[PDB]
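Peer 1: coords please:
(chains A, B, C, D, E, F and G, ligands or ions: 56)
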Amino acid sequence: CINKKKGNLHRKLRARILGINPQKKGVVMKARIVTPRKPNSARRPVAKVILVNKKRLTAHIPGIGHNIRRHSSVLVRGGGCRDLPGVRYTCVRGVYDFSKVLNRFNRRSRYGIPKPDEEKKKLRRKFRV
Amino acid sequence: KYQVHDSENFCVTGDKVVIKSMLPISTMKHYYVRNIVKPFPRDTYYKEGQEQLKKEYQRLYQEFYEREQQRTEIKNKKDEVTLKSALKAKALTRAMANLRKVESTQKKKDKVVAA
Amino acid sequence: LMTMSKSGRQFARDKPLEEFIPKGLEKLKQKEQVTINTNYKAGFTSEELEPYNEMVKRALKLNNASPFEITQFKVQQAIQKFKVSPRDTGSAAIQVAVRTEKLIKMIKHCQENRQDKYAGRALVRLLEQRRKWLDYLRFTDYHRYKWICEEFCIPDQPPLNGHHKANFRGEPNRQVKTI
RNA sequence: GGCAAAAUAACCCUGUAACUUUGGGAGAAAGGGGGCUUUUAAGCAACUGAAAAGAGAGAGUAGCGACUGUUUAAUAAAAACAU
RNA sequence: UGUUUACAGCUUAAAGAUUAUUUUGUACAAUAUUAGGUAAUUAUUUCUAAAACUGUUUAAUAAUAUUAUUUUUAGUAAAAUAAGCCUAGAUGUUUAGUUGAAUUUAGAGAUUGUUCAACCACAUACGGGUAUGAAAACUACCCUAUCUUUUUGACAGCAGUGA
RNA sequence: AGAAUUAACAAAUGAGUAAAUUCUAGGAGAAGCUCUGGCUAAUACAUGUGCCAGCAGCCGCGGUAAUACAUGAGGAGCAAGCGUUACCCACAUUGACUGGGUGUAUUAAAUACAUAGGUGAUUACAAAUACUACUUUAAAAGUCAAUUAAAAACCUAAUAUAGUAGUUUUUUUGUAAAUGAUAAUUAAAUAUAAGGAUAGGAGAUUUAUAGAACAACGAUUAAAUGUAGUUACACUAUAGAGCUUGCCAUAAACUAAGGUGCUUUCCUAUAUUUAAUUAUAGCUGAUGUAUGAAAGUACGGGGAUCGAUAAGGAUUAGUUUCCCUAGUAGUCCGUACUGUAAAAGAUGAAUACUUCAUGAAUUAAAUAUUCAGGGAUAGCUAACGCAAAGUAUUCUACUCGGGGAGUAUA
RNA sequence: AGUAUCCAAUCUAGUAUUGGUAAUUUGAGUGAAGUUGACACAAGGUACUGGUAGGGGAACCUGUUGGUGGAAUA
Ligand SMILES: [Mg+2]
Ligand SMILES: [Mg+2]
Ligand SMILES: [Mg+2]
Ligand SMILES: [Mg+2]
Ligand SMILES: [Mg+2]
Ligand SMILES: [Mg+2]
Ligand SMILES: [Mg+2]
Ligand SMILES: [Mg+2]
Ligand SMILES: [Mg+2]
Ligand SMILES: [Mg+2]
Ligand SMILES: [Mg+2]
Ligand SMILES: [Mg+2]
Ligand SMILES: [Mg+2]
Ligand SMILES: [Mg+2]
Ligand SMILES: [Mg+2]
Ligand SMILES: [Mg+2]
Ligand SMILES: [Mg+2]
Ligand SMILES: [Mg+2]
Ligand SMILES: [Mg+2]
Ligand SMILES: [Mg+2]
Ligand SMILES: [Mg+2]
Ligand SMILES: [Mg+2]
Ligand SMILES: [Mg+2]
Ligand SMILES: [Mg+2]
Ligand SMILES: [Mg+2]
Ligand SMILES: [Mg+2]
Ligand SMILES: [Mg+2]
Ligand SMILES: [Mg+2]
Ligand SMILES: [Mg+2]
Ligand SMILES: [Mg+2]
Ligand SMILES: [Mg+2]
Ligand SMILES: [Mg+2]
Ligand SMILES: [Mg+2]
Ligand SMILES: [Mg+2]
Ligand SMILES: [Mg+2]
Ligand SMILES: [Mg+2]
Ligand SMILES: [Mg+2]
Ligand SMILES: [Mg+2]
Ligand SMILES: [Mg+2]
Ligand SMILES: [Mg+2]
Ligand SMILES: [Mg+2]
Ligand SMILES: [Mg+2]
Ligand SMILES: [Mg+2]
Ligand SMILES: [Mg+2]
Ligand SMILES: [Mg+2]
Ligand SMILES: [Mg+2]
Ligand SMILES: [Mg+2]
Ligand SMILES: [Mg+2]
Ligand SMILES: [Mg+2]
Ligand SMILES: [Mg+2]
Ligand SMILES: [Mg+2]
Ligand SMILES: [Mg+2]
Ligand SMILES: [Mg+2]
Ligand SMILES: [Mg+2]
Ligand SMILES: [Mg+2]
Ligand SMILES: [Mg+2]
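Peer 2: Residues are numbered from 1 along each chain as shown, chains lettered A, B, ... in the order given. Ligands and ions are numbered 1, 2, ... in the order given. And now the structure:
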């Protein structure tokens, strides 16, 4: 292995473009749709990226509705979608130019939803417990 | 492998020997011999059984030093040595030929003076 | 095989060792013809043959013999010289002498029949095996090593290992590993 | 159209690429030197030094023809002719 | 030409502690899609230079008549002789600060070499060089070079700012 | 939660601070996050959606009947954290000292000699070492099983190295007025489809000459193309050429492999047995040396047979091709290169020991055993299968999923 | 003081070696319900295939040696 220069060189990395880092930021050029393989059938959204390191890329959009367009700053997760080819990475929500998924109040951590003002009843003890 | 200082030039190959550390008197010599533990036999009994060119030699030296020094200077010791060792055999078989003429010239007089 | 190679490794440019002194082969060939012209077969002597007729002698004479028989005389001719005890046949001094008489034949066989590839591999073994007994005999009876190499026109080149691993190798010294 | 002119210019030494039919290319290119002294000087040299004269400019890359050669005396010496 | 057992401070020599420098062995990553490398190079001897000089006797040394001899460092901007040295992954290329040790682990081991500590290295530059001192260049000093603001300066010192 | 006091790091001087003490109120006044198909603890509950929208760590859900999507309820677990990503370790015998595998599971490279190196026979004797107990060095910090059941701490053990005592229950190194496995040599005997060379024989095929005045022969599932019509084919006789080496022939034949077979002689080589001799010189083995089917390449020669390419004939077919006629290169020898394969026993080399049957062979009152696969079994193995692929010991090498790929590049 | 030697930075040129970039060209993997034909696994309808040589709409065909990772014939 050549992209990898630490640890077990014999191990093929699980995110090659993203590399050693845990995340990396980029900018969209264009959005797309990609079909899955034959056992399934759907239209899963995809979002190109150029990274700061000048590397082309594709990425996944988990949220139902999305704010994505051209010239949007995005942050990558590295995980991926399974059925799709070339989509072994995935974007992160609640960051520079995405939006919290909407009309949603479950699994509020993956999608970036903050906690609503109803469920919370008390403040943190640094001010007015 | 190491290189060792023997003062008397006393040891040969099979002689098994203790060696000890000394400060370096030269490069690659920081050991000397202390003692032979087991000897190995010698080649002394067999070793005991075992001139005009000096005017040939001393010329051939002076030939090349006059030529070489003008043509190519000291610059490299490799040139200083690879020449000489390779030039003498080129010189000696020519300098032997200078003396072989002597046996020829002296007799061609006697052959002409006698008859 | 063994080459001039002072390091642990064995290169292409390194040259093989010398089997004979300069003009060692021809001197030995001359010795044979002297034997071939004035000798009889191995087992027989001239004293036993003097009553018998010439027709019996010329048959036993070694001119008419085969090279496989020409050696048998030369071998026993050597055994009487280079033995340690009576009826000695296998000691080191003799074993080297046997290969020297073969090399005289293999070369003649290989210079002539060049395509006998199996023979070309056989030289490399004789030399190597000669090169071993030639060393083991230095180590044990050095004053017999020289009394052989003169007769058979052999050079006195010691081994580069220095007889290190056969002789008195022991207690090999202590050091420590770290990091 | 750098045509013409200018410049290079012989000898000795160091050194010398791609390509190659392994002969060559190649004099490749590039650079240096030539006196007097007394001592071999970690000495001198007061425009110009084989003192005047004389003798190659070099490299990179396409097209045609293999090469030496031959030819239209008196406008064409070449990719033509021959081999 | 007051006293140096009145106090402080300084000089000189010796004994010893400690420190600086110099020396060796082994350990010490991949790679042959790198195998020949080295040329004052390898060994001895000599010469030169610095180390306080001369003598007396003794010891010891080789011959033996008893005279002569007795040491260490550096230099190829000293020379000669003989030809060797490394190649038992020399050289060359790439990567990298080494270690105690940290994470993990039943144990061996594997991956990393952050915090602190030891040693080495750097202090704008793989740069050149000097004085003092027991020991230096780290905010020393001189020169060149790069960049920058004042002919200063280089925050890999703390805090802090930008990117 | 709130408030207050003191000790100690300075019995002169504190920046700042008790994992210390007392007092009052009041009586948990600090909770989120993930999940709900299986691995995985938790619902066959409800609605809509309909291979769409979407989940997804891995398997995989969704096609009108969705405990897997979205809505809602209920329910489970971890907890000042919960969850996701990236890298590392363990679980893994997933990199093999402890501790693997290599006949068939993309793993022994074609093969042998051999260097460095590793490794290794008997007895007797010395010496040293291991093992046991004590002791030396290996900075502190950090780790560490600290112990009289004790937190804010100072395990002295392990490992390595030098050294002492005990020499008894291990091993190493080496020497002997030494013994003497193995490997080798000599003499004798025996065997070899092992290799090269010299000489000579044999076989069919083919050409030519001669003879004889026949008209068709040869190919094919069949047919045509094609050969001849004055004998060509065919038969007989004589000679010559290139190639090849019948029955013997078989598992129990040989050799490192490739591979090899008519007879005679010389040289070379291997193996079996006894006696004598030398007395571990042996076994293994990167670098390296040497060999290496066939096709193919250059030069030269030779040139009968078979026979790529291309041509023709046909057929069936619509093409190309499998069949047929004729036949170039080549096929054979010499000099040299080339250096690959399913290079095979798909099984690295060597030693010791080991089953029953069937069977091959010496031939033994000098000397007693060797061999085979065409059977099965112990034992081993995933199974098929092997008398080694079994039990035991010594050395070397390869192996970190697949595609990309035995390819690119240099 | 200073002459003369030794030496560094910067600059010039070409060569050697290694990387970056490009008109243009080419290869591979992957996805999908495509067209043409039928190579392969059975004797795959002419047994497959390795090494090699030549030929060639494609998958492929033929010679020469080898192997079974092929059946079948008593
Ligand atoms: Mg001009
Ligand atoms: Mg002019
Ligand atoms: Mg020239
Ligand atoms: Mg030339
Ligand atoms: Mg010139
Ligand atoms: Mg030119
Ligand atoms: Mg010039
Ligand atoms: Mg002039
Ligand atoms: Mg000229
Ligand atoms: Mg001219
Ligand atoms: Mg052109
Ligand atoms: Mg043209
Ligand atoms: Mg011309
Ligand atoms: Mg011309
Ligand atoms: Mg004319
Ligand atoms: Mg004219
Ligand atoms: Mg003209
Ligand atoms: Mg013409
Ligand atoms: Mg451990
Ligand atoms: Mg560090
Ligand atoms: Mg830090
Ligand atoms: Mg610090
Ligand atoms: Mg800085
Ligand atoms: Mg300091
Ligand atoms: Mg700072
Ligand atoms: Mg106090
Ligand atoms: Mg209370
Ligand atoms: Mg369950
Ligand atoms: Mg429903
Ligand atoms: Mg492991
Ligand atoms: Mg094999
Ligand atoms: Mg092998
Ligand atoms: Mg050995
Ligand atoms: Mg410690
Ligand atoms: Mg006829
Ligand atoms: Mg063979
Ligand atoms: Mg051939
Ligand atoms: Mg020919
Ligand atoms: Mg087989
Ligand atoms: Mg075979
Ligand atoms: Mg194999
Ligand atoms: Mg087993
Ligand atoms: Mg197995
Ligand atoms: Mg069986
Ligand atoms: Mg058997
Ligand atoms: Mg096996
Ligand atoms: Mg792969
Ligand atoms: Mg493959
Ligand atoms: Mg190939
Ligand atoms: Mg290749
Ligand atoms: Mg290129
Ligand atoms: Mg391009
Ligand atoms: Mg088919
Ligand atoms: Mg077929
Ligand atoms: Mg085709
Ligand atoms: Mg099959």
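
Peer 1: for stretch C:141-153, C-alpha coordinates in PDB please.
Peer 2: Output in PDB follows, covering the C-alpha atoms of stretch C:141-153 (Å, rounded to 0.1, in the frame of the first residue of the first chain):
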ATOM      1  CA  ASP C 141      49.300 -34.300   8.900                       C
ATOM      2  CA  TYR C 142      50.600 -31.000   7.500                       C
ATOM      3  CA  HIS C 143      54.100 -32.500   6.800                       C
ATOM      4  CA  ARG C 144      52.400 -35.100   4.500                       C
ATOM      5  CA  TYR C 145      50.400 -32.500   2.700                       C
ATOM      6  CA  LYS C 146      53.500 -31.000   1.300                       C
ATOM      7  CA  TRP C 147      55.100 -34.400   0.500                       C
ATOM      8  CA  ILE C 148      52.000 -35.000  -1.700                       C
ATOM      9  CA  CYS C 149      51.600 -31.700  -3.500                       C
ATOM     10  CA  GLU C 150      55.100 -31.800  -4.800                       C
ATOM     11  CA  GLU C 151      54.700 -35.200  -6.500                       C
ATOM     12  CA  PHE C 152      51.300 -34.400  -8.000                       C
ATOM     13  CA  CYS C 153      52.100 -30.800  -8.900                       C
END
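
Peer 1: for chain B, which segments are assigned as strands?
Peer 2: In chain B, the segments counted as strands under DSSP state E are B:4-5, B:16-26, B:29-38.

Peer 1: now for those strands, which one comes closest to residue C:125?
Peer 2: strand B:16-26 (31.1 Å; C-beta to C-beta). Quick note: C-beta positions are derived from backbone N, CA and C, even for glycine.

Peer 1: pretty sure residue A:45 sits in a helix.
Peer 2: No - using DSSP: H, G, I helix; E, B strand; the rest coil, the assignment for residue A:45 is strand, not a helix.

Peer 1: quick revisit: export the strands of chain B as a markdown table, with columns for mean neighbour count.
Peer 2: Converted to a markdown table, the strands of chain B look like this (neighbours: other C-beta atoms under 10 Å in any protein chain shown):
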| stretch | mean neighbour count |
| --- | --- |
| strand B:4-5 | 14 |
| strand B:16-26 | 11 |
| strand B:29-38 | 13 |
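
Peer 1: could you point out which of the ones you listed sits nearest residue B:85?
Peer 2: The nearest among the strands of chain B, by C-beta to C-beta, is strand B:16-26 at 24.1 Å.

Peer 1: so what strands line up beside the closest one?
Peer 2: Paired strands of strand B:16-26, with direction, are strand B:29-38 (antiparallel) (DSSP bridges).

Peer 1: got a list of what residue 83 touches?
Peer 2: As the question left the chain open, I've gone with chain A. Contacts for residue A:83 (C-beta atoms under 8 Å, 6 or more residues apart in numbering or on different chains) come out as A:36, A:37, A:40, A:42, A:44.

Peer 1: actually chain C
Peer 2: C:91, C:93, C:94.

Peer 1: find the residue at the geometric middle of the chain.
Peer 2: Since no chain was named, I'll use chain A. residue A:91 (1.2 Å; C-alpha atoms, centre = their mean).

Peer 1: actually it's chain B I care about, not the one you picked
Peer 2: residue B:85 (9.5 Å).
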